[PDB]
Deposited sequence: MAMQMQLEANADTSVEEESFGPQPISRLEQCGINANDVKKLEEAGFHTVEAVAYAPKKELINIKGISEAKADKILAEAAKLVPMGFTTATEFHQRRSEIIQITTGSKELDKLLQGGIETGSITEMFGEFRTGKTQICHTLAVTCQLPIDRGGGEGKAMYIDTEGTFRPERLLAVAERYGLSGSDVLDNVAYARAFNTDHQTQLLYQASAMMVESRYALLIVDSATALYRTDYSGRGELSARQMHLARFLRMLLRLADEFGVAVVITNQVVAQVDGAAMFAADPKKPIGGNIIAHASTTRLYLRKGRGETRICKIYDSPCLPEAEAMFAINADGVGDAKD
């Protein structure tokens, strides 16, 4: 995977500066390479010449130049995709949930976003030949609606051992936006040691509705949301982990629209809209995607996770 920051120690860099970078949140040389000069200067005790030298030596460790489109196509041909637990949804997504990007599913209440998140979290531990990502998973839950019983049910359905799928899922709760960002920081610190494949944030904008209320607090809310989404995107680009976030809806009074403004719209790569059907059936539609045609699919949440409709 990514080269740890210890390599920078072998480039004429003092140990205390490396420790300062590590405690600032840059646990990988990729983070320092992608860091602008302002971020590397805002940390106290760092001089302009020191930051210039650090960036100069970090630029040699990772390629940041011009490459032909054929090389990019070859690189994209090795992108792992994780099955969503339904054959129809897998066909609709043309492979499944993509890694290295942000895919957000939004809809009304009880539509089935959390069930999909649970099924993805338990599925990503599967071997690659079976459609998994062959890695652990993380769940930063903000609504307190994490139920390991569903994970056990899906593990029983797929035949895996429940103990292992339980032991290979990190969990955390967010009580406020600041705690959410600190959880992202701790996830960045932790991910450098083991192999992670999924990172679920359900839901990303639940706490922003209550913490930032009113009109005069709109700009600060948008700035904080933008910083959070930028951190998520940086983590996805660095560690190559599939980031799945959940979004709510709001009324179109005088008819529902996803919340979060233009920041969430321009920060996501794939967007899915989930809507209610009849009894236990739900409909998924590709709201926005750079290479996926606008289509629809039908699914249902059975007693063993998400799957195809029992028609």
Ranges lacking C-alpha coordinates, please, mapped onto the deposited sequence and listed in sequence order.
1-20, 275-282
